[PDB]
Structures are given as C-alpha cells and as structure tokens.
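Each remark here refers to the structure printed beneath this line.
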Protein chains: 2
Amino acid sequence: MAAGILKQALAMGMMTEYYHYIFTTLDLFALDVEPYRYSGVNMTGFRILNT
Amino acid sequence: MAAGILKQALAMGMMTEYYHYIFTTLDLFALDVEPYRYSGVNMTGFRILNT
C-alpha cells in the first residue's frame with residue numbers, strides 16, 4: 001500500500017522538502033526508493049530486520 | 001527536446017501552478033501531455049496545422 005500511495009503522492013506534488021512521512025510498516029526497506037530520493041521528501045520508519 | 005525537458009522538469013518539482021512555459025515549437029500539439037495536464041502547470045505555444 002505504501003509503495004502505491006507514494007506514487008500517488010508524487011503525482012500530487014507532495015514528494016518535496018515540505019512533507020515528512022512516517023511509515024508504520026517494518027518492510028519499509030523493501031520499497032523501491034529510486035523515484036523519490038532526489039526530491040527532498042523526508043521518509044522515516046523502522047526496521048527490525050538486522051541488515 | 002521539449003518532450004525530454006518536460007520529463008526533467010517534472011522530476012524537479014517544476015510542473016506546478018507556479019510555472020508557465022511558452023514553447024517555440026509548432027509541433028507542440030504532438031507532445032504526449034497525459035503526464036502533465038492534471039498538475040496545474042501552464043503550457044502555451046502555437047500551432048499552424050489547421051486541425
């Protein structure tokens with residue numbers, strides 16, 4: 001769902017330095033983040049997998 | 001070139017209601033505009049082809 005909602009957020013001009021998103025999911029690290037890392041959004045979440 | 005520079009402008013957070021782009025090209029009408037019409041940017045140009 002998070003991968004899906006991010007695409008919609010991009011389309012909507014909401015992936016910028018103005019927005020900060022906290023993600024509840026522990027599988028945050030599984031998300032393709034290539035489309036968003038250059039934009040300046042803040043995405044924070046948690047990870048229990050000890051990589 | 002215009003099709004190409006628009007993609008870069010989107011990536012850069014520059015296809016929004018704040019920006020107005022005038023295009024010199026007469027083939028403006030040939031551009032896939034599906035990625036940009038919902039965003040609020042202003043794109044204006046000319047067309048000599050009498051459609």
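Placing a label point 7 Å from Cα along the Cα-to-Cβ direction at B:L28 gives distances to the equivalent points in the other copies of 4.4 nm, listed shortest first. Taking the C-alpha atoms only, the angle from helix A:2-11 to the longest principal axis of chain A is near 10 degrees.
The magnitude of the dipole of the protein assembly as shown, with charges of +1 and -1 set on the Cβ of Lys/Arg and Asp/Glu and taken from the Cα centre, is near 40 debye. The label-point distance for B:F23 and A:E34, in a model that sets each label 7 Å from Cα toward Cβ, rounds to 2.7 nm. The residue of chain A whose Cβ sits closest to the rotation axis that maps A onto B, together with that distance in whole Å, is A:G13, 4. At what distance in angstrom do the alpha carbon centres of the stretch A:22-51 and the stretch B:4-51 lie from each other? For the stretch A:22-51 versus the stretch B:4-51, the Cα centre distance is 32 Å. A point 7 Å from Cα along Cα→Cβ stands in for B:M12, and the other copies hold the same point at 2.6 nm, listed in rising order.
Would you mind calculating the relative contact order of chain B from Cα pairs under 8 angstrom and at least 6 residues apart, reporting the percent as a whole number? Don't jump to the answer; show the numbers that get you there.
Details: 48 pairs, mean separation 21.6, N = 51.
This gives 42 percent for chain B.
Each other copy holds its own label point for A:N50; taking that point as 7 Å from Cα along Cα to Cβ, the gaps run 7.8 nm, nearest first. Computed over chain B, the percent of Cα pairs more than 13 Å apart is 58. Each label was represented as a point 7 Å from its Cα along the Cα-to-Cβ direction; for B:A3 and B:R47 these points are 1.6 nm apart. The Kirkwood radius of the protein assembly as shown, taken over pairs of alpha-carbon atoms, gives through the Stokes-Einstein law at 4 °C and 1.567 mPa s a diffusion coefficient of 82 µm² s⁻¹.
Every read-out reported here was derived from the displayed coordinates using simple, explicitly stated rules and does not represent laboratory data. As a convention, Cβ positions derive from the backbone with ideal geometry for all residues, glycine included, and neighbour counts pool all protein chains shown.
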